[PDB]
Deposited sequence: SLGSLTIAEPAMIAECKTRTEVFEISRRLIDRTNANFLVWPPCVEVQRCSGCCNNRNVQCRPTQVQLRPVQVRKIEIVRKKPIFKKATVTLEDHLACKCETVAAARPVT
């Protein structure tokens, strides 16, 4: 029936990041997720990256439907390591 547990080996995993209405709200971005043996050892990033994304910047202000377009830079995580 029950199988043994397997460590969440530490690598790049997909995460859903909501932006701070927009469209697209949230967006998919990489991030180190995972565990290290010696509990004191910690799993963190060894190379990050920047990818700016264009965003529809809707502007529903004073009875003025006047949307815009912003740019929001994302932080990806290209390759992690426990340390």
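Counting the deposited sequence from 1, the stretches lacking C-alpha coordinates are 1-6, 27-37, 101-109.
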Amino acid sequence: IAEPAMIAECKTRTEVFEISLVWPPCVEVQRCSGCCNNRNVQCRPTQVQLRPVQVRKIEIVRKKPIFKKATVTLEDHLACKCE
From here on, numbers count along this sequence of modelled residues.
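For the pair 66-74 and 6-14, the record assigns the higher mean C-alpha temperature factor to 66-74.
The mean C-alpha temperature factor is higher for 50-58 when 26-34 and 50-58 are set side by side. Remark: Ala79 belongs to the lowest third of its chain, ranked by C-alpha B-factor as recorded.
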